[PDB]
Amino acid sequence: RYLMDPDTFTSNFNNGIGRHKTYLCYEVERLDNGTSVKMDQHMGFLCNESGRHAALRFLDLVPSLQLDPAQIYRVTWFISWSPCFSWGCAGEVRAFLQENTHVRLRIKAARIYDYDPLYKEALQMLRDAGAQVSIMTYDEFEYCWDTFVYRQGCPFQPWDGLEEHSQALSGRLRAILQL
């Protein structure tokens, strides 16, 4: 495979500044007799394109992953913006999850996409569809740096405010999802 340019990672996953783009790093994992099987072929990253948000481009590539319906797979997204509602993507993901019940999705967002006035409805719909929605933490940024980025042995260097932003967004998300 290949790895993300470090400048692209830092400018798109900084949880204190937005970009007019969305990146999505993904991995697929399976638990077998209590062990983590995570294939290299099931890991990658992508970005949004004109008229197609990143979440939908991940849906586009699921057939190529060749998942087996006899097994449960845990799919994790590290996504620079939380999925939207108004352009249809939360509904598309919900439908996908209902049609592919062997897929269990974890959505870890660096930022909340509240440009969408219906951003709360997106998160609640994804939760209602069985997805585990959370806000990326320090450890998850470091994991993505170490796992998906062409870093060349350089360790993760956190930006100022990372923790303050992450914990603020996590509190926001708790209130959005609380019942």
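So that there is no doubt, residue numbering starts at 1 and follows the sequence shown.
- For the segment pair 68 to 76 and 102 to 110, the entry gives 68 to 76 the higher mean B-factor, averaged over Cα atoms.
- Of the two stretches examined, 53 to 61 and 30 to 38, the record assigns the greater average C-alpha temperature factor to 30 to 38.
- Of the candidates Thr22, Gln167, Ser11, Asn15, the PDB record gives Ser11 the highest C-alpha temperature factor.
- Ranked by Cα temperature factor within the chain, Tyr119 sits in the lowest third according to the deposited record.
- For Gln152, the recorded CA B-factor ranks within the highest third of the chain. Only modelled residues enter the ranking.
- Residue-level temperature factors show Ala175 in the middle third of its chain, judged at the C-alpha atom.
- Compared with the other modelled residues of the chain, the Cα B-factor recorded for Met43 ranks in the highest third.
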